[PDB]
Protein chains: 4
Amino acid sequence: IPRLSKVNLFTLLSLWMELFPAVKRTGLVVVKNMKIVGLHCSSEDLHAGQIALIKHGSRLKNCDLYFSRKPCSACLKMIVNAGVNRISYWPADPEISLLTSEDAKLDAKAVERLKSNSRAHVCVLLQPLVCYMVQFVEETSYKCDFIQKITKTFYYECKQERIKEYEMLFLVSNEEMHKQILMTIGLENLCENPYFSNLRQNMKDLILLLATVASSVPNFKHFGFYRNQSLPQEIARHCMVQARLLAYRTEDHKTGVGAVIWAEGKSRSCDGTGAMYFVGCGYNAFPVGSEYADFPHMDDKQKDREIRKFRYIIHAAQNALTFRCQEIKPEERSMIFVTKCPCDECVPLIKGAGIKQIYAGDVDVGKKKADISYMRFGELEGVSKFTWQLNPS
Amino acid sequence: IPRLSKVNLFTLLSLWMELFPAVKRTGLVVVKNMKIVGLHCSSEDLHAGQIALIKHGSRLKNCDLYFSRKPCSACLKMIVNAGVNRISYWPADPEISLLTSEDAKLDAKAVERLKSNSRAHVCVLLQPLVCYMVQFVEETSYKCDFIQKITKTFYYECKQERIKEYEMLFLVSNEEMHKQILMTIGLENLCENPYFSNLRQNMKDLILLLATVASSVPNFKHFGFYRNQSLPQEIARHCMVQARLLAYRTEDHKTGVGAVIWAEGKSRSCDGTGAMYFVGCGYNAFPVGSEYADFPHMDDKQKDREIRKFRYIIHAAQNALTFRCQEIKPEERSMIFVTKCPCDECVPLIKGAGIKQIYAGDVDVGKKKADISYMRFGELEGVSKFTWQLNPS
Amino acid sequence: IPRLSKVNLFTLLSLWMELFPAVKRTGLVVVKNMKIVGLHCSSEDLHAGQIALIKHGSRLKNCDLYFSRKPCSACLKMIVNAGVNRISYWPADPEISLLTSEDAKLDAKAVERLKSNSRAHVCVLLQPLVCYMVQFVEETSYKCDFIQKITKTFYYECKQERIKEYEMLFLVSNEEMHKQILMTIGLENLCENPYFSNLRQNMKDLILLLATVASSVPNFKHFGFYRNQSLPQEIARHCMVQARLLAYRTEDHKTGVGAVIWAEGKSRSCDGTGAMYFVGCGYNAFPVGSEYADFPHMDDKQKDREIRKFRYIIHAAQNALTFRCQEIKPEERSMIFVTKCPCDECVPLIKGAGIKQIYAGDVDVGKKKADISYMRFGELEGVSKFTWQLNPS
Amino acid sequence: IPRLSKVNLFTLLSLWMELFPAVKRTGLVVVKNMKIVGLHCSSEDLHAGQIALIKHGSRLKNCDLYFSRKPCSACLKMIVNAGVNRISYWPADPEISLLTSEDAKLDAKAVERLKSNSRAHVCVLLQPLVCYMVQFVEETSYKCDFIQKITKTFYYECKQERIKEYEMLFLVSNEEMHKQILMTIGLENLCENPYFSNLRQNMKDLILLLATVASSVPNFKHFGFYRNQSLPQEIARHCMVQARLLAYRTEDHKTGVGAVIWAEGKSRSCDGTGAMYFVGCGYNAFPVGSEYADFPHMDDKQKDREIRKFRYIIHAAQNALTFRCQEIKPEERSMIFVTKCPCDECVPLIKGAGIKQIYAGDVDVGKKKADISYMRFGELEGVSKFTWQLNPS
Ligand SMILES: Nc1ccn([C@H]2C[C@H](O)[C@@H](COP(=O)(O)OP(=O)(O)OP(=O)(O)O)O2)c(=O)n1
Ligand SMILES: Nc1ccn([C@H]2C[C@H](O)[C@@H](COP(=O)(O)OP(=O)(O)OP(=O)(O)O)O2)c(=O)n1
Ligand SMILES: Nc1ccn([C@H]2C[C@H](O)[C@@H](COP(=O)(O)OP(=O)(O)OP(=O)(O)O)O2)c(=O)n1
Ligand SMILES: Nc1ccn([C@H]2C[C@H](O)[C@@H](COP(=O)(O)OP(=O)(O)OP(=O)(O)O)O2)c(=O)n1
Ligand SMILES: [Zn+2]
Ligand SMILES: [Zn+2]
Ligand SMILES: [Zn+2]
Ligand SMILES: [Zn+2]
Ligand SMILES: [Zn+2]
Ligand SMILES: [Zn+2]
Ligand SMILES: [Zn+2]
Ligand SMILES: [Zn+2]
């Protein structure tokens, strides 16, 4: 199966964070040592870069920041002063809108000057997807737990709606306006063909993949996460889409599973996500630093259990707990969103970590295979469980 | 005086952690930069490795883990994924008991496959003790504050009882069964003599040392820690034995002192120690990085006070506070267990650190020497003091 | 404009910390990677070094400690055990007073022995000031916001009073007594001229600068910080003087701004500052790692706005929040002291960081320049504001 | 078998380097990353420290230097300027003889002052040997290739001669004289019992071991290395003793083999070894970073060839070539001294490395075991071979 790249994952996550349910809004992904340490969105008061500064301080040192729009000079100077390594940005209309004029152009010039005189590398890191990536994402999106649950109780029309909305929000349809933006933000190297058309096509492909993933957890009928107090359904869908986007980084050759751990702070926060802050993320993969041939990749179809992937595969929730950027606070409401039903090996870890709520798929609940089972999720006590289903009330 | 090795200290501490008062139970010592950063025991729900993962996350990177039993494949894959440097284990029956069959053998095979394809080094690191180590430990154990206090108000009989119990728990008396276990867990290099007999003798010697140290703080008559609410006497004895085992790492040539700082969390935890979590450890030694001849080692017998050890020796409590892996929470109950009465330059440090309770011996209480005194412990206010004594009730 | 050096800033800050409003009292500055991570004062129970040990633990590794007095052997051994890099001290009467005898001399000998056999470098790092530095500091202090506010509603007389008091507290007027102290504390290389006279003159110049800066925020008439509950006026003045001292590290060629963030803990603390602990510090400067010609240094007088400093200069509050050594706890009272009224791009950052109180001089409040404005401080909601002012009561 | 420690090996090698065939003469061992990178001796013009400076330059950074005598102030200042980590010295009469007066005392005072004000750690690092190290060394020395070859064609009498000579050269028999030396060189912590007597006994034990090893390759009955031009027999014996001392660092449990590679430069050199300079050293051991139980330690007595040490043991010559500090220059004469006959997997490596001459023992020449053979040494062409033997003329 095709694998989404780390940088394209971070770009997609930054654009999706710009869509977190609450000068243009900006989503930001803070990555350290190729691990996500922050998911932020611009609020009405502060930009994503300012919020990242407030949240991280000097911990932004040697960090990679992925912005859904090019940050303003005020954000860029603070981010550079904090000591980050790379600032990758989505080359649409920047944070200070160029489609609104002289002040925005002056801000762009100041951003260029800051970039030219800093050790931080400000760049556009989005790369083309493989030829089959979009088709594979669509195939797995129609077949995921949530779409299957709705079907057993529409997807392409919602996907078309998401395509239109996200192409409006993230793309510059007018080629001349996009060329003007790219010239203003110092991307003259991408203003002439075939680089201009290649960049626009790559942006369109990434927007298509994002729309596919977002519609894989659709706002359809009364379907939501139900069955101690549930989150607003929009935020639950957004976090599930985050985990679903992570599921495409899987090293498993058959099934991709993603997991995001979020927590709700007691007090007010400066972030655009409100009291909710990102805690951890993960996908199912073999232990860090493993080559392709290091561990068996076969499923139960292989006769010898010793050469099956199950004893060696790290699950999405296990990776999310392992590489968490925040501690699970017992007094806070903490939620883990998993695209697949947590297995009997992961549920005790979630319970022991103190995670209060699990938002999960429901397809594999009750399955009992030789090396993996799903019996402890149905009978789990002390942790609230929310599954994709029709609203009982 | 003979000095206990760091690796043997960690092995003994993992074996003792397996005995913390509440698939076989497993103790675990997490060490970072040759400093202990975690003491864990398997609970009824989670193994020691899973608990260490939950408690540390990616902070296990480049850490040394010391297991009382060889971890299972599920624990090993998560520990390796976290990036640990070195997993040492006690070569008795592993976590998945081989003395119960096919599932345990398959788990051992998966553990060996994980070891072969990972940068983490899975090994048996226990070393032979010096010829005089056990005799010296026995001599100092009979002469310690607690045994002397009981005598001033039995030790060898309790020593024999602990020897029998710990040889039952930690050793495989049958040589053929031990050979089978070693072959299963991939220790064929130690299955034939003299390496098999050397390994068994080293294990027996370490178990004898552990029984000696555990008997030095015996469950005898109604003796316990008494004089705001005291811990259960079993946990207090266990922590005092931890500090006593640390006391044998001393650089002082005459008296070894050990100290352990523990804290009781307000909320429930996943660990087998309950709400109690390890905060810090220390022993009396010269400042880190000092050579043998760097500082004077003499005592008050030396005429010149300028060439006495007192002004240059770091006390056990000072080292426990310095290299603590956790912050002292003001709202939490925090306990420091010291094998000797805290001195007048340590009591203010304990009080200022916020440690609520001091469990200690009381032989030197009131002693006033030129370079060390014990006057501030008797008159200490704001910190609960628990000494080894008969129950006043 | 002349710039205060980092080592002189830290020496001055340690001397000022010794004067924090409540064996001689000692101030201590803990610096890591040329950033201040701790401001401590000796309490009645514990010395500054012991308090730094309690507060930081192993985080003192590779840290530079700046003491207002030479630490005692008990403090020095624990500090070098913690692994610090440099211990700079003010070469006046040490912590164990030599002007009071045999015990102090023995402590000094033990300190020298600890210094000889440790990798930590114990030294005197104070360096001569720039020739114009004192005159420039006097000129800017007379023209600072607080002195000007008093004038619009004395400074040299208060400066003379501070000169006398601080020369009494920090200098040894008798040359032979100072020579005895220097010989005892192992500074024989500075006991003969011109090095002895040069050291005494450097100390006098630094004391003069400290008196000037402390008089810039005088205890005059009923002037204090007023406008949810304010701090004691002495502590507010002390923190404002800290910020004023930081303002002389500015990279801006016209105006120096300093900011200190402190927090009042809920529970008792071992520090001499009481429940208050240092959170962060900063001054107005260009992004870290910038050369002199990297960014424009001009002001609004320059015609082109693209070559003005404003879009590239990091403000004092921005730097204080960026390089904070502590997290802003929502339940704690947090105060930021800034020598100039916070600008319109700093007030939202202070509000979003959770800082409860802003202490500031408000000369520029209401000013609206092209690239910087002060409109949001006057209308700021949710943050208590205290300005230099006559007491309204 | 007992294992000589790294630091005691380096101390013994520095003492032996002082005896290299040609203010007291000083031998010096330069070690980097626990590997020997230099063997130097004082010449008539330059001291060992000055020669090390000339030879290494800034490569002395973070190096450990082992001196047979405490270096003078001129040597010490240059060595600490070069940035070394540790200077361990043998605590006999220092480089500037204290047994000759005021100038030597002034030099010692300057050395102490340099040590006190430098991050380099000047110390005495010699450790006590295990209680049976000397007996094992004597047993293996009587049974070595050279002594056995002498017997098949005395040892204890030569051993007594070496004991007397080396106790005269390296020890201070007069206890009061040694106390005076130790006080002068700032070792007052080792001037009173039991530390004084312990240090003297440790020095005596190390001298006894050195005499044993040196007599294991004795100057006896015109025996030497014979069979294109051989070295002077004294230098060949000295290098063979170097390799023999390295042979006691072996990880093999039965047979210890050592190897030293030296090269004769074409031009004049400042070293006391003349044109000869140290190239590399090694002993037979398992691959670097291996635990005791990592690899099989068994020999041909074990039935299964897969669990024998031979396929996993790195030979002495292989380690000497691997961790060489100098390149083998084709135009220079190169000599490898190995305490055992080179095996069939070592001779091709020596030939391919360009080593011109092999000085070796010859007891195993012609032996052909299953996993190790000695057939290629007898028929080796293009490399001169010198064996312990009667002089043919
Ligand atoms: N809570 C879980 C459960 C599973 N996984 C990952 C790791 C598992 O190796 C993979 C599932 O692999 P299977 O071969 O069992 O896949 P399916 O469940 O899709 O298989 P099937 O439908 O054939 O039963 O998903 C995960 O990350 N988190
Ligand atoms: N609270 C304490 C007290 C002491 N120590 C350590 C450091 C001291 O140097 C050592 C005790 O050394 P003494 O020479 O004082 O030994 P004793 O306690 O045995 O004294 P005495 O000979 O009077 O019985 O123990 C410690 O770590 N913590
Ligand atoms: N809250 C603030 C406000 C300003 N500054 C810094 C930014 C600039 O480096 C400098 C102010 O520059 P100006 O040119 O505005 O200086 P003045 O205040 O002296 O301006 P004016 O000439 O109008 O009096 O102070 C700061 O650090 N924090
Ligand atoms: N040129 C060589 C030859 C051998 N060795 C080392 C590694 C070998 O593992 C060890 C020899 O191991 P054996 O068991 O073969 O020892 P002996 O040769 O002494 O055995 P025996 O006398 O029983 O034949 O010496 C070495 O370093 N360099
Ligand atoms: Zn911005
Ligand atoms: Zn799972
Ligand atoms: Zn396990
Ligand atoms: Zn003490
Ligand atoms: Zn002190
Ligand atoms: Zn500002
Ligand atoms: Zn010299
Ligand atoms: Zn060989």
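Start at 1 and count along the chain as shown; that gives each residue its number.
The header says electron microscopy, 2.8 Å.
Cβ from N, Cα, C; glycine included.
Matching A:68-80, A:198-210, A:341-353 against Swiss-Prot, the residues noted as motif 'Nuclear export signal' span A:198-210. According to Swiss-Prot, A:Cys72, A:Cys75 bind Zn(2+) 1; the candidate from A:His40, A:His47 that the record adds to this site is A:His47. A:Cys343 (Zn(2+) 2 binding site) and A:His47 (Zn(2+) 1 binding site) are 39 Å apart (CA-CA, integer value). Within the group of binding-site residues (A:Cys75, A:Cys343), the Cβ with the highest number of other Cβ atoms inside 10 Å belongs to A:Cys75. Contacts of A:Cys72 (Zn(2+) 1 binding site) defined by a Cβ separation under 8 A and a same-chain sequence distance of 6+ are given as A:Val23, A:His47, A:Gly49, A:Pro94, A:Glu95, A:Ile96, A:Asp107, A:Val111, in order along the sequence.
Residue pair A:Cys346 (Zn(2+) 2 binding site) / A:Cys75 (Zn(2+) 1 binding site) shows a Cα separation of 40 Å. Across the motif 'Nuclear export signal' (A:198-210), DSSP classifies residues as 13 helix, 0 strand, 0 coil. Note on A:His315 (Zn(2+) 2 binding site): other Cβ atoms within 10 Å of its Cβ, all shown chains, come to 26. Excluding the listed site residues A:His47, A:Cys72, A:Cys75, the same chain places A:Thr26, A:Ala48, A:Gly49, A:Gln50, A:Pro71, A:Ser73, A:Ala74, A:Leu76, A:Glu95, A:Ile96 with Cβ atoms within 8 Å of the centre of the Zn(2+) 1 site Cβ atoms. Reported as a whole number, the C-alpha separation between A:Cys75 (Zn(2+) 1 binding site) and A:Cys343 (Zn(2+) 2 binding site) equals 42 Å. DSSP classifies A:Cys75 (Zn(2+) 1 binding site) as helix under the three-state reduction. With a cut-off of under 6 Å between the Cβ and any atom of ligand 5, the binding-site residues A:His315, A:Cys343, A:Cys346 reduce to an empty set. Close to the recorded Zn(2+) 2 site, the chain also has A:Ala316, A:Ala317, A:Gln318, A:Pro342, A:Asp344, A:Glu345, A:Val347, A:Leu349, A:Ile372: residues not among A:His315, A:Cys343, A:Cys346 whose Cβ is within 8 Å of the site's Cβ mean position. Packing around A:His47 (Zn(2+) 1 binding site) is summarised by its Cβ count: 28 other Cβ atoms lie within 10 angstroms of its Cβ, all protein chains included. A:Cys346 (Zn(2+) 2 binding site) counts 26 other C-beta atoms within 10 Å of its own C-beta, drawing on all protein chains shown. A:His47 (Zn(2+) 1 binding site) falls within neither a helix nor a strand when secondary structure is assigned with DSSP, and so counts as coil.
A Cβ distance below 6 Å to any atom of ligand 6 is met by none of the binding-site residues A:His47, A:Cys72, A:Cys75.
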